[PDB]
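What follows are structure tokens for two forms of the same protein chain, given separately as structure 1 and structure 2.
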Structure 1
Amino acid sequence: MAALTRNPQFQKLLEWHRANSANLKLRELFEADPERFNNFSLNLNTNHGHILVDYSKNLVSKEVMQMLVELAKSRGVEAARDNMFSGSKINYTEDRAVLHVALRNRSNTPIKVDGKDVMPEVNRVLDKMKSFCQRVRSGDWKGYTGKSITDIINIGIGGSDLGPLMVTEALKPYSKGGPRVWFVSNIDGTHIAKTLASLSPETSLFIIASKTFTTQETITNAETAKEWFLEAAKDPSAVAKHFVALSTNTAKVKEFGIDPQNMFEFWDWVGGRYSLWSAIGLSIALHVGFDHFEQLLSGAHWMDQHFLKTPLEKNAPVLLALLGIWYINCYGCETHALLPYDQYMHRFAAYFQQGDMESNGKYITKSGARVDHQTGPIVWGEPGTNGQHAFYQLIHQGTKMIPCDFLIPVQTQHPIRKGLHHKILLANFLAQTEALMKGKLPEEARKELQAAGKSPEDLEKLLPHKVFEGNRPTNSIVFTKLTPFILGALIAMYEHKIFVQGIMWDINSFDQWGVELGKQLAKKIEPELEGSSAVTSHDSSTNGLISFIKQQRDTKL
């Protein structure tokens, strides 16, 4: 088997689930214990706002939580965590440290890799970012015609895109005095084309985000941007005024036409999907200002310290991880829904699709043996209340068990109409988890149908359709306000949840070998598309699709 399934604490948990889980009813758990909320929630005071992690509406008892905590311990979570924080090379397939925690280490306590403190270099790059932010935001940095920059365009894929996009979207209110920010990520020419259509080459600055500076899609997009730029500027020396790099490849950066002074470095122990805290976050710092960027880092730092210092049984990311293990490995739930009741957080779910799924969508353990159990879930979601009018029908009355995290700030950035909109938003946030837990009994629905004037025959037919079975578990994560600090804390919290789950499954949360095959096959297909000659080098489907492409590309519609 595998490390997890051979673990006696896991076997005990699974056996208990088999024997007892059918008896777990949320309605009954709350009725039996008025202290349930108090005992199954964490009210975290960060000194810059509170984060309430309410996990009480979960299918767990004290005994279940105890078994889960014991499993975390016996899977080595405490030791593994300390190893991450100390710069041990826990990314074992690539033999790398995992040090996104160093990027936001505001305390500056030395963290060594290969015997050398990484903090001086972390802080040097941060200082460089700060100086660049001053130059651009002040208007001192001039474009090729001598005008201040009004637009910043981040070009990057995956981890070089999702974080900066999600964070600038979430922190939009903090962008007064900052340039507009745009994100180009898709190789699909539509993306860069529609972006450039609304820009002036005189006042636009491009941030090319790529560690190697050879990333195909990113560099292609970058080269398209440069071509567009040079059509107007007609001077290759002007490129340095309008293009900067988040990279370590000095030579390639120089060759592109970027001044190497404007290459913002990061390190191999910064995973792409954990990189917004590094140089990769430059577009964030430009948009909302360096002070706000430091606040974002500080919030993550607070959560890192919480994760590091807190006993497992009251440790927010650990508990979220454990509830996930319960639903994934005991209930067999494929998915995890992230439902922020916040329009600014509209890209939060998409972000954690990479953060969670690329980390933990794995099947080989540390020993090299295949898992014989489930690993990472499919993450998905849309903001409330919109989701209520799209897919909550299935959550309430479908055939899937779907653990959901509901998230909301207490204070809105836009308290319009004396708080009326936010009052309604909050009411829905609370009602939905209540509804998912309680459901609606036949006796409740029957009375409603009778009052509605339904005939005995119509009532009988309609009754089962109107019943809500309930017993659908949720987490409610509520925070004072979505500030840079609080957002930082929330992202870090999920980062550490993902870490804990990865350790428990005995997988590597920090590599991504599963992207390789698609890349290899794409490189082979690219040159085959040119010209009218038949392609026969693949399976008949790939061949047939290519044939269709060649036949249909000249058709006039």
Structure 2
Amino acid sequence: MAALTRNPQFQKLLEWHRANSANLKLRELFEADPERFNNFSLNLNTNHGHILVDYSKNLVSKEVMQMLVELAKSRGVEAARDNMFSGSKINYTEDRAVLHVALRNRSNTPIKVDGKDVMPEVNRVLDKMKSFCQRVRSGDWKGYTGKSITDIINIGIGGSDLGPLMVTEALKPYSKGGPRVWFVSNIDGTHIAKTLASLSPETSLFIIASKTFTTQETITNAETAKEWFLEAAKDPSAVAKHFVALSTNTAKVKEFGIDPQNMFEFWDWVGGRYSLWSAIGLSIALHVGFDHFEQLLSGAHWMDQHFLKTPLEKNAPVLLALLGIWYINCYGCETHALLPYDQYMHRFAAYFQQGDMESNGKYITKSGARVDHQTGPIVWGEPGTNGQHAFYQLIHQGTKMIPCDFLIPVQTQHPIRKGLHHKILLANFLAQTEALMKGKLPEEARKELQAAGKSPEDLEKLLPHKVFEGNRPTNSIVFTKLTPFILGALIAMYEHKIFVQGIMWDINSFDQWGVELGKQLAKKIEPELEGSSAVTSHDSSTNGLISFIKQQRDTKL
């Protein structure tokens, strides 16, 4: 078996769940104990705003939380955390350190990899980012015809795309005086084509973001951009004014034709899905300014210190992780919904699809054993209140148990109509988790239908459809305002939740071997698409789909 399932604290938790979980009823838990909110919430004071993590609407008791904390201790969470923070090579399949925490280490306390402090190089690159941002944003940096830069285009995919996009979207109010930012990621030619159609080569700066600098989508997109640029500029020296690279691969950056002084370096111990804190964040810094980028790093650093120094029972990422384990490994819930009541946060869920699913969508443990339990959940969601009018029907009255994280800032960036919109937004945020918890009993629904003047026949017909079973668990995460600092703290909180779950499952949260096969097979198919000849080299489906492509590509529509 595997480390988690062999663990006696886990088997105790699972047995308790089998015997006792059906007796957990949220409505009754709240009625019986006025102190429930106080006992199952964390009000964190960062000194730059508060983050309230309210986990009281979860299917847990004091006993359950004690068992979960005991399990975390038994699984070596604290030791594993310390090892990450000290630069130990905990990414064991790649023999790499895992040091996104170094990127935002504002204290500058040495963190060593191979006996060498990484902080000098972290800070050197940050200083380079700061200098570059000043030059571009001030208008001093000129394009090949002598004009100021108006548009920045980040070209990258996955970890080189999702973070910068999510953060620039989330921090849009902080972008006055910054250039417009565009994100090109898909190989689908639509993406670059529609972006380039709205740009001038004279005033556009391309940021080629790629840890490896060999990803086919990114390098192809980058080459397409360079061809478009050179068609206008007709001078290879002009590339140095319009193309920069964010990478670990100096040789491949040089090969592509980017100036050595136009390379913003990061390191192998920066995972792609943990990379927005590094050079990869350059588009963030250009868009909102380096000061705000530093605030973002500082917020993450605050949360890092919270994670590092706080007892497990009061440790936010640990508690979130443990609640997740409870729902995944005891209740068997396949998914986790992220529901921010904030339009600016509309790419938050998509970001953590990579962060969570690429990290913990694994099946082999440190011991070499295949897991005999569930690992990472499917992450999904849309901003409130939109989701209420799309899929909450299923959350309330479907057949699935779906743990939800509801997030909202107390203070809006746009307090229009004297705060009316935000009042309504907050009311819905609060009501939905209340509704999920409480439900509506048959007798409560009966009274409502009776009051509406329904006939005994019409009442009886409609009654069961109006019943809400409730007992649906949520987290509510409420914060003063979505500032750069608070956003940084929130992202880091989930990064650490993901880390804790990975340690408890005994998997490597920091590799991604699962992407290799698709890349290999695509390279084989690429040249087979050319020409009109039939492909017979694969299974009949792949062959048949290729035949369809070849037959349909010349039809006029």
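For residue numbers, the reference is structure 1: its sequence is counted from 1. Under this definition, the rigid core comprises the largest set of C-alpha atoms superposing within 1.5 Å between the forms.
Core superposition between the two structures leaves every listed residue (344, 132, 256, 267) with a C-alpha shift below 2 angstroms except 256. For residue 385, the Cα shift between the two structures is 0.2 Å when the rigid core is held fixed in the overlay. Here the rigid core is superposed, and residue 210 then shows its C-alpha moved by 1.3 angstrom between the two structures.
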